[PDB]
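Scroll down for the structure; my scribbles are underneath it.
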DNA sequence: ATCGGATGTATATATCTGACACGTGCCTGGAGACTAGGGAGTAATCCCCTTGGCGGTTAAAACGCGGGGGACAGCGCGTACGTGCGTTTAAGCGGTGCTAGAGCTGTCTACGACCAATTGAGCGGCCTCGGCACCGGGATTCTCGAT
DNA sequence: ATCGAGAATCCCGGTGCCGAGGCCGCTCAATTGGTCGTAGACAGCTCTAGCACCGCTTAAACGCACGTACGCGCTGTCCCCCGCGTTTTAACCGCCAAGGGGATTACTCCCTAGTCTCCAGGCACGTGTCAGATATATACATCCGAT
Ligand SMILES: [Zn+2]
Ligand SMILES: [Zn+2]
């Protein structure tokens with residue numbers, strides 16, 4: 000199908016050229032389902048961690064956005080523990096030109112710098128504004144006891 | 020049960036009578052088709068709004084009130100059928 | 021008190037309005053007719069403007085009164101409020 | 011007034027003040043309607059009705075009839091200048107038109 | 011849609027759903043107002059605004075300008091058929107008129 | 037030898053006749069069929085109250101009478117007594133019906 | 037020897053010039069005085085905002101320009117190029133302004 | 007003259023261009039891609055999100071969506087892909 | 031069944047007040063009912079707009095009077111205002 | 030300070046920065062656009078109110094707004110306005 | 001300027017039919033009494049902007065003149081429209097039959113108003129730098145008298 | 001059919017200024033959470049009137065022919081708008097100065113909504129009779145060809 004053809008090309012581009020600090024693949028037998036994994040960049044308080052995520056492609060694609068969820072938990076204003084993230088790509092600014100590699104790179108960039116303008120979790124952002132040191136130490140300890 | 024080319028039922032004598040009531044004395048031969056077109060446009064414009072009004076109320080019959088409301092919306096009030 | 025100020029709407033001003041209207045040649049009796057019809061229109065609008073002002077216990081005819089008076093007669097004006 | 015008779019009789023009218031008050035209150039016009047608005051509105055409505063009925067009765071008597079049909083209302087409305095100005099865009103069912111013929115159309119002497 | 015975000019962004023609009031809801035509630039229109047009416051009205055208003063602004067910007071680009079003035083709005087409204095029919099009795103301040111001359115008046 | 041009227045007197049007689057009466061001037065059944073045809077053009081399987089068709093007929097006939105009055109004035113303005121389609125078009129333009 | 041334009045070309049030039057601009061065409065002070073005169077006819081000892089007088093001027097100018105468009109069409113209908121008072125009268129009568 | 011196949015490639019569907027349409031922002035894409043986006047998405051540019059609300063109405067009213075000057079080149083110069091696509 | 035209110039009895043009372051001899055048909059009664067309803071809607075809507083412009087929340091008698099002045103032509107407006115003022119003055123005492 | 034007066038200037042500018050990301054707008058043009066928004070709002074709301082009162086209802090729902098849009102707007106503007114509104118409501122509900 | 005036909009329209013009388021005007025039962029909507037609270041009236045204060053004036057410069061208005069092009073009246077042609085008659089068509093009226101759908105009633109559940117605590121979206125005030133207005137000189141192009 | 005001179009308009013480059021766009025502080029209006037009363041959604045039943053068919057009169061539509069008078073083009077006269085140059089009037093701009101009245105704030109009281117009870121005004125239905133429409137027979141006004 001046209002969608003299936005889109006995933007086949009994206010597979011070819013992804014396999015011939017891996018992204019930086021990104022891994023992905025098909026979780027199951029079907030070509031619709033996907034899984035991927037990310038790591039905290041060097042200039043991040045979440046360094047050393049490995050984070051898995053699940054991707055589900057709707058029937059209509061790429062016109063409709065794919066569902067993306069986080070299995071684990073991280074200390075970010077945009078993350079929620081249930082697996083939903085605050086990105087404009089997921090619901091509002093979704094575009095058929097965008098690829099899976101592009102959105103994962105965008106997730107990594109969001110991990111690099113917080114955007115507390117539209118935070119799902121209230122209390123994290125205010126701690127970030129008032130005092131950065133407590134934010135940093137809390138993030139460090141939670142990555143130590145949860146990311147590894 | 021389709022209906023075709025019923026606008027020819029607006030005959031030439033009827034248009035001459037409508038012109039006579041308006042004070043017209045002499046009529047060219049090409050007036051009738053133009054008048055038929057004008058009447059068709061007016062009827063379509065009114066019936067569209069009447070049908071919209073009757074579709075909103077989840078009904079299947081066009082009542083007199085729908086026609087009166089459509090006429091008043093277009094700017095031509097009609098007295099004697101209610102409202 | 022003011023008297024005979026309708027003659028401040030001169031001949032060239034009416035000619036310019038006609039030129040914008042798309043008129044190539046103008047007769048000589050147009051100007052008095054134009055002054056009469058303009059005076060009638062001004063009377064009609066200003067009467068409702070003053071009525072709106074008097075209802076609000078004011079003494080200055082604001083722009084909103086004029087906008088409402090124009091809108092009452094199907095002459096909606098954009099750019100001054102509303 | 012005595013504040014004991016019917017409200018229309020207290021105000022000296024024939025049109026109902028209670029129904030006008032209810033229609034003003036339940037008509038989605040304002041949040042809270044005053045106490046003297048229905049009386050004023052009913053008076054205005056009754057005055058206009060009396061005016062039109064008087065003119066139509068004059069027309070009907072001019073036509074040697076003791077009933078008022080829509081034609082006798084069309085004549086009365088169209089002949090009066092101000093009542094015609096008020097009801098300018100109104101169509102009256104079975105009303106006809108006022109008779110006039112342009113002077114150019116009449117025969118040459 | 012999921013909650014816990016601004017009420018307009020759930021619908022994807024830029025116009026305010028809450029202000030439209032308040033205006034409909036306090037405007038003496040009806041006794042009660044539904045929950046899905048302000049969203050519909052905001053969407054319609056935003057669509058019309060974008061429709062006018064696009065044509066106005068096209069006219070401004072045609073006139074070598076990078077700023078929309080009332081003349082460009084008048085041009086955009088008058089040239090389009092549907093927008094001209096919708097804004098038929100409306101007068102635009104400082105908008106002028108469309109340039110046309112009857113073919114009889116041109117020199118022969 | 038047979039008696040006939042010069043062209044114009046019978047027309048004036050009919051003008052005086054039809055401005056004094058109030059009945060409808062279009063036959064009822066053809067108008068009803070036309071209304072039903074346009075309605076099925078918009079939405080199929082519609083039923084029509086008789087009062088709806090009567091109101092539509094009254095509105096249409098009043099509109100056409102007014103239009104023909106305006107057309108007569110337009111024809112007279114150009115030093116004529118015959119109405120021609122350009123008069124109808126000018127009257128409709130000035131009224132704003134087509135602009 | 038002196039240069040002269042044939043009658044009718046400066047008129048078209050003025051038409052093209054005045055349909056490209058957007059400025060007001062009536063002098064501000066005489067119009068303000070006329071508005072004040074009519075108002076003091078209605079209610080005595082009145083005051084006016086500047087925006088009020090400006091709005092009145094814009095409305096009046098737009099109305100007159102539209103009226104002159106209709107008058108031009110009426111004049112052309114009668115096989116002329118001049119506009120005359122009867123053209124204005126016919127346009128206003130058809131528009132329903134004078135009845 | 008003839009552009010290469012790399013730039014003759016639709017990014018929306020990762021396939022050869024068929025009936026290409028070029029938005030006012032100069033982003034070329036397949037006519038089926040455009041129709042699907044208009045029907046389902048928010049009536050904007052899939053690439054840079056430059057909405058064309060009235061452009062689509064204006065051209066669909068007159069049936070001028072296709073960028074014919076490029077469609078002819080694609081069809082004539084590369085007949086192989088068009089027949090199988 | 032259903033009860034349908036109308037201004038028929040009051041219009042007949044006014045007719046018998048003006049012309050004690052003339053009657054009225056049914057079509058004329060329908061026309062008069064339509065006219066009364068139409069004028070009611072006009073005046074009430076104008077009064078509502080006047081009250082909303084001034085940031086009031088009541089439709090008092092002066093709102094109705096100003097609406098009457100705005101809608102009705104000259105002598106009609108003067109006579110209607112006089113009649114309404116007389117009725118309100120008689121009602122309050 | 031002067032009392033606050035609300036307007037649609039911010040949202041109109043936000044919309045303008047989508048169709049033409051390099052075009053500004055004057056102040057008088059913004060006044061005209063704000064007047065246009067207010068006028069269309071009043072038209073649609075009034076038609077919806079009359080529509081609801083005709084059917085002996087008491088609530089203005091999205092259906093009344095849809096029918097009012099169909100009544101007021103011209104032939105081809107309505108077919109797009111209804112689509113935009115329906116899409117917005119569907120996206121907002123779920 | 002008439003006169004007689006000849007046609008059409010208005011006037012006087014019988015009759016008979018169905019719609020108007022009135023009467024009866026009753027039930028729902030309006031009237032009467034009382035309570036609570038917030039909307040609007042009234043007074044006091046601030047300061048914005050509306051009015052009034054003076055001086056100058058200069059763009060626009062008023063006036064006069066010469067002339068050509070458009071408005072207007074008179075003639076002549078012929079073709080399209082009015083009027084009258086015989087014929088063909090479907091409208092109008094009545095009567096009967098059927099059922100689709102408008103209208104009303106009873107249950108009940110979900111949606112929308114109301115209230116209180118809270119905080120961030122959006123408005124008022126400031127500031128600056130680029131887009132647009134203006135000036136001055138040159139290039140391009142319609143216009144008209146003369147071939 | 002054209003060539004050329006006078007004149008109006010469009011382009012291009014440089015200078016300046018003010019208002020459009022972005023930022024900061026703040027206060028009030030929209031959001032969230034919880035509760036409750038009722039609007040309307042749905043199912044069932046009645047019975048009203050909208051649709052369809054058939055047969056018979058006769059009224060209105062249709063087609064044809066004859067003739068006339070009105071539309072339309074052409075010519076000619078003349079006078080009244082137009083384009084241009086000169087003088088005169090007052091609009092426009094900038095500045096200063098005063099105070100009228102618009103806009104906001106605080107206090108209070110009285111006018112309107114809400115609730116309960118009750119009863120009579122107006123609505124539906126039934127009945128009689130007379131105002132008006134129709135048929136019929138004269139009287140008079142009006143049109144038209146011919147003196
Ligand atoms: Zn593609
Ligand atoms: Zn793009």
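Protein chains in written order, with the authors' numbering: chain L, 0 to 147; chain B, 20 to 102; chain F, 21 to 102; chain G, 11 to 119; chain C, 11 to 118; chain A, 37 to 135; chain E, 37 to 135; chain K, 7 to 91; chain H, 31 to 123; chain D, 30 to 123.
Backbone N, C-alpha and C fix where the C-beta goes; we use that ideal spot for every residue, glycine too.
- In this structure residue 58 of chain F is not in contact with residue 71 of chain E, their Cβ atoms being roughly 11 Å apart against a cut-off of 8 Å.
- For residue 88 of chain K, there is no enclosing beta strand (DSSP E); the residue is found in the alpha helix (DSSP H) stretching over 85-90.
- Sixteen is the threshold: when 16 or more other Cβ atoms of the shown chains lie within 10 Å of the Cβ of residue 61 of chain G, as they do, the residue is buried.
- At a cut-off of 8 Å between beta carbons, residue 18 of chain K contacts chain L.
- Counting along the chain, no alpha helix (DSSP H) covers residue 98 of chain B; the unbroken beta strand (DSSP E) around it starts and ends at 96-98.
- Against chain D, the beta carbon of residue 63 of chain K has neighbours under 8 Å at 105, 109, listed in chain order.
- The criterion of a C-beta distance shorter than 8 Å is satisfied by residue 106 of chain D and residue 96 of chain C.
- Linking residue 103 of chain H to residue 106 of chain E through their CA atoms gives a straight-line distance of about 27 Å.
- In this structure the segment 96-103 of chain E lies against the segment 49-58 of chain F, because at least three pairs of beta carbons, one per stretch, are closer than 8 Å.
- Between ligand 2 and the CB of residue 53 of chain K, the shortest heavy atom gap is smaller than 7 Å.
- Here the segment 48-62 of chain K does not lie against the segment 59-72 of chain H, with fewer than 3 beta-carbon pairs under 8 Å apart.
- Counting C-beta pairs with one atom in each stretch, the segment 64-76 of chain K and the segment 23-37 of chain G have fewer than three that are closer than 8 Å, which means they do not touch.
- With respect to the 8 Å criterion, residue 51 of chain K and residue 31 of chain K are classified as neighbours on the basis of their beta carbons.
- For residue 110 of chain E, the uninterrupted alpha helix (DSSP H) run begins and ends at 86-113, by DSSP.
- Interface annotation, residue 130 of chain E: in contact with chain A, CB-CB separation under 8 Å.
- At least one CB atom of chain L sits nearer than 8 Å to the CB of residue 55 of chain K.
- Beta bridge pairing from DSSP links residue 24 of chain L with L:34.
- Separation of the CB atoms of residue 64 of chain B and residue 93 of chain B is rounded to 7 Å, and the pair is thereby assigned contact status at 8 Å.
- Residue 51 of chain L is bridged by DSSP to L:36.
- Looking at the DSSP output, residue 26 of chain K shares a beta bridge with K:36.
- Annotation: residue 62 of chain E is outside any beta strand (DSSP E) and is labelled neither H nor E by DSSP.
- In this structure residue 127 of chain E is in contact with residue 110 of chain E, their Cβ atoms being roughly 5 Å apart against a cut-off of 8 Å.
- Here residue 76 of chain F carries a coil assignment [DSSP, helix/strand/coil].
- Look at residue 58 of chain K here: in three-state DSSP terms it is coil, with no helix or strand label.
- In the structure shown, residue 68 of chain K falls within a helical segment according to DSSP collapsed to helix, strand and coil.
- When C-beta distances to chain E are compared with 8 Å, the residues of the segment 82-113 of chain A below that value are 106, 109, 110, 113, in chain order.
- Looking only at C:92, C:105, C:17, C:72, the smallest Cα-Cα distance to residue 57 of chain E is reached by C:105.
- For residue 133 of chain L, the CB contacts under 7 Å within the same chain, skipping 5 residues up- and downstream, are 126 in chain order.
- Comparing alpha-carbon positions, the option among E:96, E:94, E:68 lying closest to residue 83 of chain E turns out to be E:68.
- Per DSSP, reduced to three states, the secondary structure at residue 83 of chain E is strand.
- Look at residue 48 of chain H here: in three-state DSSP terms it is helix.
- Partner residues in the beta bridge of residue 15 of chain K, as assigned by DSSP, are K:22.
- With the criterion set as a beta carbon lying under 8 Å from some beta carbon of chain D, the members of the segment 51-82 of chain C are 51, 52, 53, 54, 55, 56, 57, 58, 59, 60, 61, 62, 63, 64, 66, 67, 70, 71, 76, 77, 78, 79, 80, 82, in sequence order.
- DSSP places residue 113 of chain G outside both helix and strand once states are collapsed to three, so it counts as coil.
- The C-alpha of residue 120 of chain E is placed about 43 Å away from the C-alpha of residue 63 of chain A.
- Out of G:108, G:15, G:56, the CA that lies nearest to the CA of residue 48 of chain H is found in G:56.
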